[PDB]
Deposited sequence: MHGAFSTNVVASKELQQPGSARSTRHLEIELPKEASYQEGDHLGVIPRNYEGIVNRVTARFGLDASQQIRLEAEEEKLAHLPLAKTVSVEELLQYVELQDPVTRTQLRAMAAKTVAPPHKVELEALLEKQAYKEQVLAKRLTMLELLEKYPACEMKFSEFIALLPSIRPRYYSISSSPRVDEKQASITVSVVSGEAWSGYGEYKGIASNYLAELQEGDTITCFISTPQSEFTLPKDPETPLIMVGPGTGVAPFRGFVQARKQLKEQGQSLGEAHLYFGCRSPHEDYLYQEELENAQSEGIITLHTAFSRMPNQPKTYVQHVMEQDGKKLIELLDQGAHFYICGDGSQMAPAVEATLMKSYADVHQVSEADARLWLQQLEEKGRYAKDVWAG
């Protein structure tokens, strides 16, 4: 289920502070009559490959972007004439090199030591350590091996089809049913492969869009429900550092409308973490206003404030253990969003340890407690790698 539609960008702006070395974007997108969404839904984005990486390919093959050509034997337009540059928007250009890809290159290689090296990469250990660990691509190996006689049409056909990227919708449909926002951390750094500068495909595509540009996307609803309790007095604990705040911005906007409609709201704790308020404290103004209107209680942790200890949300949670565990005993829902590889597990461990300490039980009893909480639908994750 990818029921995709084309539509316009209504806003696009930077969320980090002037002089941050990093970027996080906020985009507002319009939705057509047929689409609709709910808090905790995702936007599926079909991205385009950026100019830099398209030019690296046409340069390697000595081709002009506009050169029309036709293929025949990825989801490629076959038996149609189509330029090179548009063919190149159908495929992934920076996935690790596959074993099929390596064999194809080896077979077209006429410098013998270079063939020995490409074949070396097929072995189990080398493949794990030099290809997969560093995310070494076919493109980077073609640039390294200019006398590999592979040709464009064989290149294009060996590549995977371009995949969508998911973003947690950061707005509530209770404010505007036909407009949705996303919050996009921009992937950028030195390539782990060693070949220059790395840019994440969808995130840099999204970062470069402007008001009036079009975008192809669809609404996706996750198998794991990530929604507010049915009763607005049921207490919430939300942990969402960095771009993890995204779905909680939707939660905040929802609660704010429910209040404006006379509903009473219970406690809602938002644990937010970032480097610094001088840098990446996304939506600070909105979140401080929300807190002032009693929509949330806000707890921050800063990793890089001069003259302060490095603080993460789990450290703050641990200080607040007693209170957070009493809340969960009264029927609170707990939510985590953001980084699933390090932050989520550590937050989970701190929650269980708070339980163990408060209720004087074993770690096994604390683990069973969390298991039961999840099975009741009260412990939800919107995390990613």
| item | value |
| --- | --- |
| Segments lacking C-alpha coordinates (deposited sequence numbering, starting at 1) | 74-78, 391 |
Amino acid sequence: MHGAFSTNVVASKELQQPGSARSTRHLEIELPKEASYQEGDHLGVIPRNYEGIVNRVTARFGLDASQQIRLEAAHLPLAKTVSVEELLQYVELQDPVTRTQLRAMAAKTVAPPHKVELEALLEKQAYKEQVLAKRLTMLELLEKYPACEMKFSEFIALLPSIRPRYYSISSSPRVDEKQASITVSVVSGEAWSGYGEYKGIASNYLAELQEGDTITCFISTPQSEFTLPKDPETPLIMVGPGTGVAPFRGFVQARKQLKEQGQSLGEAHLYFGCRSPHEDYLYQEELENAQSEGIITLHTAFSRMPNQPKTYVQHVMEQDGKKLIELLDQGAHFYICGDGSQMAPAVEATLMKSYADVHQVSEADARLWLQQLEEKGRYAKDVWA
From here on, numbers count along this sequence of modelled residues.
item: Given 321-329 and 22-30, the range whose Cα B-factors average higher in the PDB entry; value: 22-30
item: Mean temperature factor over C-alpha atoms, higher-scoring stretch between 165-173 and 299-307; value: 299-307
item: Given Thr58, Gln360, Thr350, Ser36, the residue at which the Cα B factor reaches its maximum; value: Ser36
item: Options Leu228, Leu118, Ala104, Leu78 - largest CA temperature factor per the record; value: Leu78
item: Ranked C-alpha temperature factor of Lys124 among modelled chain residues, by third; value: highest
item: Third assignment of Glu140 from its chain's C-alpha B-factors; value: lowest
item: CA B-factor placement of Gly340, once the chain's modelled residues are sorted into thirds; value: middle
item: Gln261 by Cα B-factor - lowest, middle or highest third of the modelled chain; value: highest
item: Position of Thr183 among the chain's modelled residues by C-alpha B-factor, lowest, middle or highest third; value: lowest
